[PDB]
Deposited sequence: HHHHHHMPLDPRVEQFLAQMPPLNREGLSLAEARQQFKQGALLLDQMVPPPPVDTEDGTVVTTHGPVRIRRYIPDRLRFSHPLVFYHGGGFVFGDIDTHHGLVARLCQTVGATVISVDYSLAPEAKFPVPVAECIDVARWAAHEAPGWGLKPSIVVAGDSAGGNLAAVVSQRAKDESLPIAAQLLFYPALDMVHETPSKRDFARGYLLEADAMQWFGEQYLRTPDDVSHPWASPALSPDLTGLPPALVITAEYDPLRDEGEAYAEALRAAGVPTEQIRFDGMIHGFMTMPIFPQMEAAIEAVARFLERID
């Protein structure tokens, strides 16, 4: 299907040390938020004790609480970039539109921390949230969510949940990375020029993984896991013109065939990253999809 017109315009107007690259990513997120301001939302900052150290979080409190599970949100950025502030535009909207409490997680970035450190942190924070939930007046089963690399983390946390005695009611995967081993058609065909590029993905992996063999570990490549039965209900949102599209959609099909309640939504004409790009109305459409999906959990 054609590229969305606003996406087309955005790609046409696109024009370092690690620190400079991280700063440039943050500046880009700020510019988009200046173009389309987030909704006001009450927040509280805190720090969770994990098995790998303190992890900063920010809890978002909706004006009106309508959803009975906490959400725990893991930002994207290739495992190397991003933070709570870069994803505030998305999380503020998830909070207020769903009417959910959301815990946004500042997990440890690569290459300073390597695989599987953030996976461990993200489990620990989910466990904390499940423990805290009743004192927030909520059910002790959590919803995990994330975009891109953060969607990878949400998927892995979900696969580990039973083994980790972690109660998870649903998983929300926004254009996740899920298979670092296999090339898919979308990975070949949309490899260059659609914001998320082949060269960058290679580099992100070099920063995150310890050795090349880690690509086949299921905590890096959750799509390789042979048994998906009994996993949490899943919303899998993809973008049509995204190298990661096909692995996302294939994982949704696999979940569905494993008896996992699954909703699979491709946003046509879109690119990777669209749910943190509020210049696109499809971002809010996708957040409405989240609210509608979560209405069905209880």
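Compare the deposited sequence with the modelled residues and state the ranges that are missing C-alpha positions.
-> Gaps vs deposited seq, in order: 1-6, 22-27.
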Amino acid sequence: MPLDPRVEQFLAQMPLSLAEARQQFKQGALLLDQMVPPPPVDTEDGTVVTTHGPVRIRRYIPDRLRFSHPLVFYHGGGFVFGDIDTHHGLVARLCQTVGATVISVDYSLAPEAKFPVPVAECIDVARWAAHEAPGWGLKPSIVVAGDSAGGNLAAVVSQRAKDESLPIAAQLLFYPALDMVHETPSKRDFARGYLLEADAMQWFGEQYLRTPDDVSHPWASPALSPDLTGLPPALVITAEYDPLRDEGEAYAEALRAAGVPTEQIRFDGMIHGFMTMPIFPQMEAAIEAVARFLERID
From here on, numbers count along this sequence of modelled residues.
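233-241 set against 65-73, stretch whose average Cα temperature factor tops the other in the entry | Between 233-241 and 65-73, it is 65-73 that shows the higher mean C-alpha B-factor.
Which has the higher mean CA temperature factor in the PDB entry, 169-177 or 107-115?
-> Comparing 107-115 with 169-177, the higher mean C-alpha B-factor belongs to 107-115.
Say you rank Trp219, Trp128, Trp203, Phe81 by Cα B-factor from the PDB entry; which sits at the top?
-> Highest CA B-factor of the listed options: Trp203.
Top residue by Cα temperature factor, when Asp124, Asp147, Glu164, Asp213 are compared in the entry = Highest C-alpha B-factor among the listed options: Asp213.
Sorting the chain's modelled residues by C-alpha B-factor, tell me whether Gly99 ends up in the lowest, middle or highest third.
-> For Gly99, whose C-alpha B-factor we compare with every modelled residue in the chain, the answer is the middle third.
By its CA B factor, does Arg292 count among the lowest, middle or highest third of the modelled residues in the chain?
-> Lowest third.
In terms of the CA temperature factor given in the entry, to which third of its chain does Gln207 belong: lowest, middle or highest?
-> Highest third.
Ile271, C-alpha B-factor rank within chain (lowest, middle or highest third) | Middle third - that is where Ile271 ends up once the chain's C-alpha B-factors are sorted.
Ordered by C-alpha B-factor within the chain, which third holds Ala285? Give me lowest, middle or highest, please.
-> CA B-factor rank for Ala285: lowest third.
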